[PDB]
$ cat coords-v4.cif   # mmCIF, C-alpha atoms and all ligand atoms
data_start
loop_
_atom_site.label_atom_id
_atom_site.label_comp_id
_atom_site.auth_asym_id
_atom_site.auth_seq_id
_atom_site.Cartn_x
_atom_site.Cartn_y
_atom_site.Cartn_z
CA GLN A 670 -44.07 19.62 -15.25
CA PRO A 671 -41.95 19.27 -12.11
CA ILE A 672 -43.54 15.91 -11.29
CA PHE A 673 -40.55 13.76 -12.31
CA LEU A 674 -38.08 15.87 -10.32
CA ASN A 675 -40.37 16.15 -7.30
CA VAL A 676 -40.23 12.38 -7.13
CA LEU A 677 -36.46 12.05 -7.61
CA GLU A 678 -35.80 14.66 -4.94
CA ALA A 679 -38.25 13.09 -2.53
CA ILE A 680 -36.81 9.60 -2.82
CA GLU A 681 -33.13 10.57 -2.70
CA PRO A 682 -31.59 8.52 0.11
CA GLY A 683 -29.87 10.33 2.97
CA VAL A 684 -26.46 9.92 4.60
CA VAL A 685 -25.21 6.36 5.29
CA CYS A 686 -22.29 5.71 7.66
CA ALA A 687 -19.80 2.88 7.13
CA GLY A 688 -19.45 2.23 10.86
CA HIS A 689 -15.71 2.52 10.44
CA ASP A 690 -13.53 2.65 13.57
CA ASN A 691 -11.24 5.57 12.79
CA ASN A 692 -9.12 4.78 15.86
CA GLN A 693 -7.83 1.80 13.90
CA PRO A 694 -4.55 1.94 11.97
CA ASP A 695 -5.25 2.42 8.23
CA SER A 696 -4.71 -1.11 6.94
CA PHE A 697 -5.77 -2.92 3.75
CA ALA A 698 -8.05 -5.44 5.51
CA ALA A 699 -9.72 -2.89 7.81
CA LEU A 700 -10.40 -0.37 5.02
CA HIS A 701 -11.91 -2.76 2.52
CA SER A 702 -13.82 -4.37 5.41
CA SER A 703 -15.43 -1.00 6.17
CA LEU A 704 -16.07 -0.32 2.49
CA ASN A 705 -17.88 -3.63 2.11
CA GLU A 706 -19.98 -2.88 5.15
CA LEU A 707 -20.68 0.51 3.66
CA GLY A 708 -21.62 -1.15 0.38
CA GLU A 709 -24.13 -3.46 2.11
CA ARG A 710 -25.82 -0.55 3.96
CA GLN A 711 -25.99 1.53 0.84
CA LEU A 712 -27.39 -1.38 -1.14
CA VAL A 713 -30.32 -1.58 1.22
CA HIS A 714 -31.10 2.06 0.45
CA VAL A 715 -30.51 1.64 -3.28
CA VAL A 716 -33.14 -1.10 -3.44
CA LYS A 717 -35.80 1.01 -1.78
CA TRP A 718 -34.90 4.03 -3.90
CA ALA A 719 -35.08 2.10 -7.12
CA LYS A 720 -38.46 0.51 -6.29
CA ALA A 721 -39.86 4.00 -5.79
CA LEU A 722 -38.61 5.41 -9.08
CA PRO A 723 -41.34 6.28 -11.59
CA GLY A 724 -42.26 3.24 -13.68
CA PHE A 725 -39.64 0.88 -12.17
CA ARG A 726 -42.28 -1.57 -11.02
CA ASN A 727 -43.43 -1.82 -14.64
CA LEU A 728 -40.34 -4.03 -15.08
CA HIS A 729 -40.75 -7.75 -14.55
CA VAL A 730 -39.89 -8.42 -10.90
CA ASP A 731 -37.01 -10.63 -12.14
CA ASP A 732 -35.61 -7.70 -14.15
CA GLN A 733 -36.08 -5.38 -11.19
CA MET A 734 -33.56 -7.31 -9.11
CA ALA A 735 -31.13 -7.85 -11.96
CA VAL A 736 -30.77 -4.25 -13.06
CA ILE A 737 -30.22 -3.23 -9.44
CA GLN A 738 -27.64 -5.95 -8.99
CA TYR A 739 -25.79 -5.10 -12.20
CA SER A 740 -25.82 -1.32 -11.87
CA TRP A 741 -25.19 -0.77 -8.16
CA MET A 742 -21.43 -0.29 -8.47
CA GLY A 743 -21.81 2.49 -11.01
CA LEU A 744 -24.67 4.10 -9.07
CA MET A 745 -22.65 4.12 -5.84
CA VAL A 746 -19.47 5.42 -7.46
CA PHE A 747 -21.40 8.18 -9.17
CA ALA A 748 -23.21 9.12 -5.95
CA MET A 749 -19.93 9.01 -4.05
CA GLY A 750 -18.34 11.41 -6.54
CA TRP A 751 -21.23 13.80 -6.00
CA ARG A 752 -20.85 13.55 -2.20
CA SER A 753 -17.15 14.19 -2.55
CA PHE A 754 -17.78 17.20 -4.79
CA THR A 755 -20.40 18.79 -2.59
CA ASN A 756 -18.67 18.09 0.69
CA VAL A 757 -14.92 18.38 0.22
CA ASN A 758 -14.83 19.88 -3.23
CA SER A 759 -13.68 16.50 -4.55
CA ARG A 760 -10.31 16.93 -2.83
CA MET A 761 -10.67 13.54 -1.20
CA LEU A 762 -12.99 10.56 -1.59
CA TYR A 763 -15.99 11.01 0.75
CA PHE A 764 -17.30 7.42 0.97
CA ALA A 765 -19.12 8.24 4.18
CA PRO A 766 -19.04 10.85 6.99
CA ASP A 767 -16.94 8.40 8.97
CA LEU A 768 -14.86 6.97 6.09
CA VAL A 769 -13.11 9.74 4.17
CA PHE A 770 -10.09 8.68 2.12
CA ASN A 771 -6.94 10.85 2.17
CA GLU A 772 -3.84 9.98 0.10
CA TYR A 773 -2.52 7.61 2.73
CA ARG A 774 -5.73 5.58 2.71
CA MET A 775 -5.71 5.51 -1.09
CA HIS A 776 -2.31 3.89 -0.94
CA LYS A 777 -2.97 1.48 1.92
CA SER A 778 -6.16 0.32 0.21
CA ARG A 779 -4.00 -0.84 -2.71
CA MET A 780 -6.34 0.78 -5.23
CA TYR A 781 -4.66 4.14 -5.55
CA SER A 782 -5.04 4.44 -9.31
CA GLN A 783 -8.72 3.53 -9.19
CA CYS A 784 -9.18 6.19 -6.50
CA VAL A 785 -7.54 8.75 -8.74
CA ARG A 786 -10.01 7.92 -11.48
CA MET A 787 -12.80 8.21 -8.91
CA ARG A 788 -11.48 11.58 -7.90
CA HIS A 789 -11.31 12.67 -11.54
CA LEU A 790 -14.96 11.63 -11.96
CA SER A 791 -15.74 13.61 -8.82
CA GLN A 792 -13.94 16.65 -10.22
CA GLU A 793 -16.20 16.63 -13.27
CA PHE A 794 -19.22 17.65 -11.22
CA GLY A 795 -17.23 20.81 -10.51
CA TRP A 796 -15.82 21.30 -14.04
CA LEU A 797 -19.27 20.99 -15.61
CA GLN A 798 -21.14 22.80 -12.87
CA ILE A 799 -23.51 19.83 -12.68
CA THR A 800 -26.80 20.88 -11.10
CA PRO A 801 -28.54 18.83 -8.38
CA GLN A 802 -31.35 18.20 -10.82
CA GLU A 803 -28.96 16.96 -13.51
CA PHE A 804 -27.20 14.82 -10.91
CA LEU A 805 -30.50 13.23 -9.86
CA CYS A 806 -31.61 12.50 -13.42
CA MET A 807 -28.22 11.15 -14.45
CA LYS A 808 -28.12 8.88 -11.40
CA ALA A 809 -31.57 7.45 -12.23
CA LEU A 810 -30.46 6.71 -15.80
CA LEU A 811 -27.41 4.81 -14.44
CA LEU A 812 -29.82 2.30 -12.98
CA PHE A 813 -30.82 1.52 -16.58
CA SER A 814 -27.39 1.44 -18.12
CA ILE A 815 -26.21 -2.17 -17.82
CA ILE A 816 -27.97 -5.35 -18.99
CA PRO A 817 -27.46 -8.96 -20.16
CA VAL A 818 -26.32 -9.27 -23.77
CA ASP A 819 -29.10 -11.79 -24.27
CA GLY A 820 -31.61 -9.24 -22.94
CA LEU A 821 -33.86 -9.21 -19.85
CA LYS A 822 -37.04 -11.14 -19.06
CA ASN A 823 -39.15 -8.30 -20.41
CA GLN A 824 -36.75 -6.27 -22.53
CA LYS A 825 -39.31 -4.11 -24.29
CA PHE A 826 -40.47 -2.75 -20.93
CA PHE A 827 -36.88 -1.82 -20.04
CA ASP A 828 -36.32 -0.08 -23.37
CA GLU A 829 -39.31 2.26 -22.94
CA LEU A 830 -38.34 3.03 -19.40
CA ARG A 831 -34.77 3.80 -20.40
CA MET A 832 -36.10 5.80 -23.28
CA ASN A 833 -38.28 7.84 -20.98
CA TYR A 834 -35.46 8.53 -18.50
CA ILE A 835 -33.27 9.83 -21.32
CA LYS A 836 -36.17 12.08 -22.26
CA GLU A 837 -36.47 13.37 -18.69
CA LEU A 838 -32.75 14.26 -18.88
CA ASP A 839 -33.08 16.18 -22.13
CA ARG A 840 -36.04 17.91 -20.46
CA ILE A 841 -34.10 18.91 -17.35
CA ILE A 842 -31.48 20.33 -19.63
CA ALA A 843 -34.01 22.06 -21.88
CA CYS A 844 -35.57 23.63 -18.79
CA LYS A 845 -32.35 25.35 -17.70
CA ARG A 846 -31.33 29.02 -17.35
CA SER A 851 -26.56 24.99 -26.11
CA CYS A 852 -28.72 22.13 -24.94
CA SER A 853 -27.03 20.17 -27.70
CA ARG A 854 -23.67 20.79 -26.11
CA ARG A 855 -24.93 20.04 -22.60
CA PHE A 856 -26.51 16.76 -23.57
CA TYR A 857 -23.28 15.65 -25.26
CA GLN A 858 -21.36 16.54 -22.12
CA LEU A 859 -23.63 14.72 -19.66
CA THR A 860 -23.73 11.61 -21.85
CA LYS A 861 -19.93 11.55 -21.99
CA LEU A 862 -19.87 11.86 -18.19
CA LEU A 863 -22.37 9.03 -17.80
CA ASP A 864 -20.35 6.83 -20.16
CA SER A 865 -17.24 7.55 -18.10
CA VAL A 866 -18.81 5.89 -15.08
CA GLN A 867 -18.74 2.46 -16.66
CA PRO A 868 -14.99 1.87 -17.14
CA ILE A 869 -14.50 2.91 -13.52
CA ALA A 870 -17.27 0.55 -12.37
CA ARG A 871 -15.62 -2.21 -14.40
CA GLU A 872 -12.29 -1.65 -12.61
CA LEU A 873 -13.94 -1.81 -9.19
CA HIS A 874 -15.86 -4.93 -10.18
CA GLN A 875 -12.62 -6.64 -11.10
CA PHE A 876 -11.02 -5.45 -7.91
CA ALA A 877 -13.84 -6.66 -5.71
CA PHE A 878 -13.93 -10.02 -7.49
CA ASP A 879 -10.23 -10.59 -7.02
CA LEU A 880 -10.52 -9.53 -3.37
CA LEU A 881 -13.40 -11.89 -2.72
CA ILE A 882 -11.46 -14.84 -4.20
CA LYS A 883 -8.52 -14.20 -1.89
CA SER A 884 -10.74 -12.86 0.92
CA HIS A 885 -9.83 -15.63 3.37
CA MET A 886 -6.14 -14.79 2.89
CA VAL A 887 -6.12 -10.98 2.93
CA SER A 888 -8.53 -11.00 5.89
CA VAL A 889 -11.23 -8.91 4.19
CA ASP A 890 -14.84 -9.55 5.18
CA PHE A 891 -17.80 -9.69 2.77
CA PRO A 892 -21.31 -9.23 4.14
CA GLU A 893 -23.88 -11.61 2.76
CA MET A 894 -25.51 -9.69 0.00
CA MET A 895 -22.08 -8.66 -1.28
CA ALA A 896 -20.38 -12.06 -1.31
CA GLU A 897 -23.43 -13.21 -3.22
CA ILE A 898 -23.60 -10.33 -5.65
CA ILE A 899 -19.87 -10.43 -6.28
CA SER A 900 -19.75 -14.18 -6.91
CA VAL A 901 -23.06 -14.55 -8.77
CA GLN A 902 -23.67 -11.27 -10.55
CA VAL A 903 -20.29 -9.65 -10.97
CA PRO A 904 -18.67 -12.54 -12.88
CA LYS A 905 -21.45 -12.19 -15.48
CA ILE A 906 -20.27 -8.67 -16.11
CA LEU A 907 -16.57 -9.62 -16.05
CA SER A 908 -17.21 -12.53 -18.39
CA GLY A 909 -19.05 -10.24 -20.81
CA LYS A 910 -22.52 -11.77 -20.40
CA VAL A 911 -23.72 -8.46 -19.00
CA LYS A 912 -22.57 -5.22 -20.61
CA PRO A 913 -23.03 -1.49 -20.07
CA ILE A 914 -25.13 0.54 -22.42
CA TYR A 915 -22.88 3.31 -23.81
CA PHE A 916 -24.13 6.46 -25.52
CA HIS A 917 -20.99 6.99 -27.65
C1 LIG B 1001 -19.54 0.43 -3.79
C2 LIG B 1001 -18.55 1.10 -2.80
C3 LIG B 1001 -19.25 1.31 -1.43
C4 LIG B 1001 -20.13 2.53 -1.29
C5 LIG B 1001 -19.47 3.77 -1.83
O1 LIG B 1001 -19.72 4.88 -1.37
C6 LIG B 1001 -18.51 3.60 -2.94
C7 LIG B 1001 -18.09 2.43 -3.40
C8 LIG B 1001 -17.14 2.36 -4.55
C9 LIG B 1001 -15.88 1.54 -4.18
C10 LIG B 1001 -16.28 0.14 -3.71
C11 LIG B 1001 -15.09 -0.68 -3.23
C12 LIG B 1001 -13.93 -0.82 -4.24
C13 LIG B 1001 -13.21 -2.10 -3.76
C14 LIG B 1001 -14.02 -2.66 -2.55
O2 LIG B 1001 -13.59 -2.12 -1.31
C15 LIG B 1001 -13.94 -4.19 -2.44
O3 LIG B 1001 -13.93 -4.88 -3.41
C16 LIG B 1001 -13.87 -4.78 -1.06
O4 LIG B 1001 -13.43 -6.14 -1.09
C17 LIG B 1001 -15.44 -2.13 -2.83
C18 LIG B 1001 -16.13 -2.90 -3.98
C19 LIG B 1001 -16.41 -2.05 -1.63
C20 LIG B 1001 -17.63 -1.14 -1.87
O5 LIG B 1001 -18.63 -1.80 -2.61
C21 LIG B 1001 -17.31 0.20 -2.56
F1 LIG B 1001 -16.54 0.86 -1.53
#

$ encode --input "coords-v4.cif" --output "structure tokens"
Amino acid sequence: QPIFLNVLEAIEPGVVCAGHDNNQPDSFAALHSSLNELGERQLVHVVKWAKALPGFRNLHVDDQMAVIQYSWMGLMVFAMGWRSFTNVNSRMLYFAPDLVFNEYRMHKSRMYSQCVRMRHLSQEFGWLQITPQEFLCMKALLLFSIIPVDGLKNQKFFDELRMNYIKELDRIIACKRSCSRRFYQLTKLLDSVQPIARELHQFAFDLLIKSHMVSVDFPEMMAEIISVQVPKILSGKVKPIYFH
């Protein structure tokens, strides 16, 4: 009955700070430096969260790491939109308690238009009156929404898992106070995460290439993920799974 949701609610990670020094002038290098540090700290929590999801450890251990490394951008963007919605009504981007983007930061970060798309995504939680239970189920399904075109180590295991998480989603909708219309809406929202994720992937890749010239620092796990895993997505070897 409520077992699936009990689990999702119990493993939801808590607040992560970026460690940003807000006394610092808002500059390109300092902002993306803080975001990267934020990314590394969140990644640590995403790994632990994913390993505790129902059935995840049924995946080959090789596949476990890969789906986390391919889907983390979308997961983090989606969670960030939810944070922004529930904390500042999506009026600004709430990356962390200590790293809230206003319009000035959007511009200095040189990714203003991507931020606007992130704010639009954020605004959807509000437009659709997304429930915390729908949020949690949708976020779990994002973990299973991007894979190699030539499939994973144990692809059949991934397919049943993904199948069951879509089922849990229909269930959370069907257990609400037109399910058909809701499901269509939440799948469109989920799909909308991917193009955004793809823009940020491109942006981080370009930044990492010119890192040593724009004075932006990359913590270890990120320099690795962005030079080993992200190019596979930008080169089309790894592609999102779209509903529509
Ligand atoms: C997932 C993070 C961090 C954690 C978070 O709540 C939201 C996002 C989405 C935007 C990402 C940034 C967009 C460009 C970026 O700043 C860089 O590419 C730095 O070079 C990124 C990729 C750093 C970091 O990873 C992100 F902030």

$ residues_around --input "coords-v4.cif" --residues "residue A:727" --least-positions-apart "3" --cutoff "12 Å" --atoms "only C-alpha atoms" --output "short mmCIF file (atom, residue, chain, number, x, y, z; two decimals) with C-alpha atoms, keeping the file's coordinate frame"
data_model
loop_
_atom_site.label_atom_id
_atom_site.label_comp_id
_atom_site.auth_asym_id
_atom_site.auth_seq_id
_atom_site.Cartn_x
_atom_site.Cartn_y
_atom_site.Cartn_z
CA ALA A 719 -35.08 2.10 -7.12
CA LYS A 720 -38.46 0.51 -6.29
CA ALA A 721 -39.86 4.00 -5.79
CA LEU A 722 -38.61 5.41 -9.08
CA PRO A 723 -41.34 6.28 -11.59
CA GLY A 724 -42.26 3.24 -13.68
CA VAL A 730 -39.89 -8.42 -10.90
CA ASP A 731 -37.01 -10.63 -12.14
CA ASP A 732 -35.61 -7.70 -14.15
CA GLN A 733 -36.08 -5.38 -11.19
CA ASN A 823 -39.15 -8.30 -20.41
CA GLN A 824 -36.75 -6.27 -22.53
CA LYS A 825 -39.31 -4.11 -24.29
CA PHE A 826 -40.47 -2.75 -20.93
CA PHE A 827 -36.88 -1.82 -20.04
CA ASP A 828 -36.32 -0.08 -23.37
CA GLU A 829 -39.31 2.26 -22.94
CA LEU A 830 -38.34 3.03 -19.40
CA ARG A 831 -34.77 3.80 -20.40
#

$ closest_residue --input "coords-v4.cif" --among "A:783, A:759, A:691, A:833" --to "ligand LIG 1001 (chain B)" --atoms "all atoms listed in the file"
A:783

$ closest_residue --input "coords-v4.cif" --among "A:910, A:871, A:855, A:701" --to "residue A:817" --atoms "all atoms listed in the file"
A:910

$ residues_around --input "coords-v4.cif" --residues "residue A:787" --least-positions-apart "2" --cutoff "9 Å" --atoms "all atoms listed in the file" --output "MDAnalysis selection string"
chainID A and resid 746:747 749:750 762 782:785 789:792 866 869

$ write_last_selection --input "coords-v4.cif" --atoms "C-alpha atoms" --output "PDB file, in the frame of the given file"
ATOM      1  CA  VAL A 746     -19.470   5.420  -7.460  1.00  0.00           C
ATOM      2  CA  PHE A 747     -21.400   8.180  -9.170  1.00  0.00           C
ATOM      3  CA  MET A 749     -19.930   9.010  -4.050  1.00  0.00           C
ATOM      4  CA  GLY A 750     -18.340  11.410  -6.540  1.00  0.00           C
ATOM      5  CA  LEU A 762     -12.990  10.560  -1.590  1.00  0.00           C
ATOM      6  CA  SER A 782      -5.040   4.440  -9.310  1.00  0.00           C
ATOM      7  CA  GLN A 783      -8.720   3.530  -9.190  1.00  0.00           C
ATOM      8  CA  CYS A 784      -9.180   6.190  -6.500  1.00  0.00           C
ATOM      9  CA  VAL A 785      -7.540   8.750  -8.740  1.00  0.00           C
ATOM     10  CA  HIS A 789     -11.310  12.670 -11.540  1.00  0.00           C
ATOM     11  CA  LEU A 790     -14.960  11.630 -11.960  1.00  0.00           C
ATOM     12  CA  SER A 791     -15.740  13.610  -8.820  1.00  0.00           C
ATOM     13  CA  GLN A 792     -13.940  16.650 -10.220  1.00  0.00           C
ATOM     14  CA  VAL A 866     -18.810   5.890 -15.080  1.00  0.00           C
ATOM     15  CA  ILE A 869     -14.500   2.910 -13.520  1.00  0.00           C
TER      16      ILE A 869
END

$ residues_near_ligand --input "coords-v4.cif" --ligand "ligand LIG 1001 (chain B)" --cutoff "6 Å" --atoms "all atoms listed in the file" --output "number ranges by chain"
A: 701, 704-705, 707-708, 742, 745-746, 749, 764, 873, 876-877, 880-881

$ residues_around --input "coords-v4.cif" --residues "residue A:812" --least-positions-apart "6" --cutoff "8 Å" --atoms "all atoms listed in the file" --output "number ranges by chain"
A: 719, 736-737, 740-741, 744

$ closest_residue --input "coords-v4.cif" --among "A:844, A:690, A:887, A:862" --to "residue A:794" --atoms "all atoms listed in the file"
A:862

$ residues_around --input "coords-v4.cif" --residues "residue A:875" --least-positions-apart "4" --cutoff "9 Å" --atoms "only C-alpha atoms" --output "PyMOL selection string"
chain A and resi 870-871+879-880+903-904+907

$ atom_distance --input "coords-v4.cif" --atom1 "atom CA of residue A:893" --atom2 "atom CA of residue A:699"
17.4 Å

$ closest_residue --input "coords-v4.cif" --among "A:868, A:858, A:689, A:882" --to "residue A:796" --atoms "all atoms listed in the file"
A:858

$ atom_distance --input "coords-v4.cif" --atom1 "atom CA of residue A:832" --atom2 "atom CA of residue A:813"
9.5 Å

$ closest_residue --input "coords-v4.cif" --among "A:711, A:900, A:865, A:860" --to "residue A:803" --atoms "only C-alpha atoms"
A:860

$ residues_around --input "coords-v4.cif" --residues "residue A:673" --least-positions-apart "3" --cutoff "8 Å" --atoms "all atoms listed in the file" --output "list in words"
residues 670, 676, 677, 723 and 837 of chain A

$ atom_distance --input "coords-v4.cif" --atom1 "atom CA of residue A:915" --atom2 "atom CA of residue A:810"
11.5 Å

$ closest_residue --input "coords-v4.cif" --among "A:805, A:683, A:753, A:896" --to "residue A:884" --atoms "all atoms listed in the file"
A:896

$ build_atoms --input "coords-v4.cif" --residues "stretch 828-855 of chain A" --atoms "N, CA, C and O atoms" --output "mmCIF file, in the coordinates of the input"
data_model
loop_
_atom_site.group_PDB
_atom_site.id
_atom_site.type_symbol
_atom_site.label_atom_id
_atom_site.label_comp_id
_atom_site.auth_asym_id
_atom_site.auth_seq_id
_atom_site.Cartn_x
_atom_site.Cartn_y
_atom_site.Cartn_z
ATOM 1 N N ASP A 828 -36.605 -1.079 -22.342
ATOM 2 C CA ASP A 828 -36.320 -0.080 -23.370
ATOM 3 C C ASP A 828 -37.184 1.170 -23.296
ATOM 4 O O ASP A 828 -36.683 2.269 -23.585
ATOM 5 N N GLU A 829 -38.473 1.055 -22.957
ATOM 6 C CA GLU A 829 -39.310 2.260 -22.940
ATOM 7 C C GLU A 829 -38.991 3.094 -21.701
ATOM 8 O O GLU A 829 -38.999 4.321 -21.700
ATOM 9 N N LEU A 830 -38.695 2.346 -20.644
ATOM 10 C CA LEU A 830 -38.340 3.030 -19.400
ATOM 11 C C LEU A 830 -37.064 3.831 -19.622
ATOM 12 O O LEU A 830 -37.010 5.011 -19.286
ATOM 13 N N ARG A 831 -36.065 3.141 -20.196
ATOM 14 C CA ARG A 831 -34.770 3.800 -20.400
ATOM 15 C C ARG A 831 -34.979 4.969 -21.350
ATOM 16 O O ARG A 831 -34.514 6.093 -21.189
ATOM 17 N N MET A 832 -35.762 4.690 -22.395
ATOM 18 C CA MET A 832 -36.100 5.800 -23.280
ATOM 19 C C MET A 832 -36.713 6.961 -22.527
ATOM 20 O O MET A 832 -36.343 8.129 -22.694
ATOM 21 N N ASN A 833 -37.699 6.667 -21.662
ATOM 22 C CA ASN A 833 -38.280 7.840 -20.980
ATOM 23 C C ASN A 833 -37.294 8.522 -20.037
ATOM 24 O O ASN A 833 -37.309 9.759 -19.923
ATOM 25 N N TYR A 834 -36.405 7.793 -19.355
ATOM 26 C CA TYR A 834 -35.460 8.530 -18.500
ATOM 27 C C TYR A 834 -34.503 9.360 -19.321
ATOM 28 O O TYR A 834 -34.037 10.406 -18.868
ATOM 29 N N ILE A 835 -34.171 8.942 -20.544
ATOM 30 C CA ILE A 835 -33.270 9.830 -21.320
ATOM 31 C C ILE A 835 -34.028 11.100 -21.673
ATOM 32 O O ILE A 835 -33.506 12.214 -21.662
ATOM 33 N N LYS A 836 -35.317 10.934 -21.977
ATOM 34 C CA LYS A 836 -36.170 12.080 -22.260
ATOM 35 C C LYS A 836 -36.257 13.035 -21.075
ATOM 36 O O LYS A 836 -36.207 14.256 -21.241
ATOM 37 N N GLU A 837 -36.392 12.496 -19.865
ATOM 38 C CA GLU A 837 -36.470 13.370 -18.690
ATOM 39 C C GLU A 837 -35.197 14.199 -18.530
ATOM 40 O O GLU A 837 -35.268 15.358 -18.105
ATOM 41 N N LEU A 838 -34.060 13.619 -18.888
ATOM 42 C CA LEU A 838 -32.750 14.260 -18.880
ATOM 43 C C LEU A 838 -32.666 15.390 -19.907
ATOM 44 O O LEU A 838 -32.309 16.530 -19.591
ATOM 45 N N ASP A 839 -32.992 15.087 -21.161
ATOM 46 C CA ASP A 839 -33.080 16.180 -22.130
ATOM 47 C C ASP A 839 -34.002 17.271 -21.590
ATOM 48 O O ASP A 839 -33.687 18.458 -21.649
ATOM 49 N N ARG A 840 -35.151 16.908 -21.029
ATOM 50 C CA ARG A 840 -36.040 17.910 -20.460
ATOM 51 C C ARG A 840 -35.398 18.755 -19.366
ATOM 52 O O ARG A 840 -35.554 19.978 -19.304
ATOM 53 N N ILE A 841 -34.666 18.124 -18.454
ATOM 54 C CA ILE A 841 -34.100 18.910 -17.350
ATOM 55 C C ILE A 841 -33.045 19.846 -17.910
ATOM 56 O O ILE A 841 -32.702 20.911 -17.417
ATOM 57 N N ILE A 842 -32.471 19.416 -19.039
ATOM 58 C CA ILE A 842 -31.480 20.330 -19.630
ATOM 59 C C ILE A 842 -32.236 21.456 -20.328
ATOM 60 O O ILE A 842 -31.937 22.629 -20.127
ATOM 61 N N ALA A 843 -33.235 21.097 -21.123
ATOM 62 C CA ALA A 843 -34.010 22.060 -21.880
ATOM 63 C C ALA A 843 -34.836 22.968 -20.978
ATOM 64 O O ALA A 843 -35.560 23.835 -21.472
ATOM 65 N N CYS A 844 -34.756 22.780 -19.663
ATOM 66 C CA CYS A 844 -35.570 23.630 -18.790
ATOM 67 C C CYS A 844 -34.647 24.405 -17.849
ATOM 68 O O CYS A 844 -35.009 24.706 -16.717
ATOM 69 N N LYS A 845 -33.466 24.699 -18.365
ATOM 70 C CA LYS A 845 -32.350 25.350 -17.700
ATOM 71 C C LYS A 845 -32.181 26.812 -18.108
ATOM 72 O O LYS A 845 -32.518 27.227 -19.218
ATOM 73 N N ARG A 846 -31.643 27.610 -17.191
ATOM 74 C CA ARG A 846 -31.330 29.020 -17.350
ATOM 75 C C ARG A 846 -30.178 29.229 -18.333
ATOM 76 O O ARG A 846 -29.602 30.325 -18.388
ATOM 77 N N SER A 851 -26.414 26.077 -25.155
ATOM 78 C CA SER A 851 -26.560 24.990 -26.110
ATOM 79 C C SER A 851 -26.958 23.701 -25.388
ATOM 80 O O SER A 851 -26.158 23.046 -24.719
ATOM 81 N N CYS A 852 -28.240 23.367 -25.547
ATOM 82 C CA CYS A 852 -28.720 22.130 -24.940
ATOM 83 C C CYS A 852 -27.992 20.966 -25.607
ATOM 84 O O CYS A 852 -27.614 19.983 -24.975
ATOM 85 N N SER A 853 -27.787 21.129 -26.912
ATOM 86 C CA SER A 853 -27.030 20.170 -27.700
ATOM 87 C C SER A 853 -25.675 19.908 -27.061
ATOM 88 O O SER A 853 -25.211 18.778 -26.896
ATOM 89 N N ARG A 854 -24.998 20.994 -26.690
ATOM 90 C CA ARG A 854 -23.670 20.790 -26.110
ATOM 91 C C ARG A 854 -23.788 20.173 -24.721
ATOM 92 O O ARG A 854 -22.982 19.344 -24.310
ATOM 93 N N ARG A 855 -24.795 20.575 -23.952
ATOM 94 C CA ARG A 855 -24.930 20.040 -22.600
ATOM 95 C C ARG A 855 -25.174 18.538 -22.664
ATOM 96 O O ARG A 855 -24.544 17.719 -22.003
#
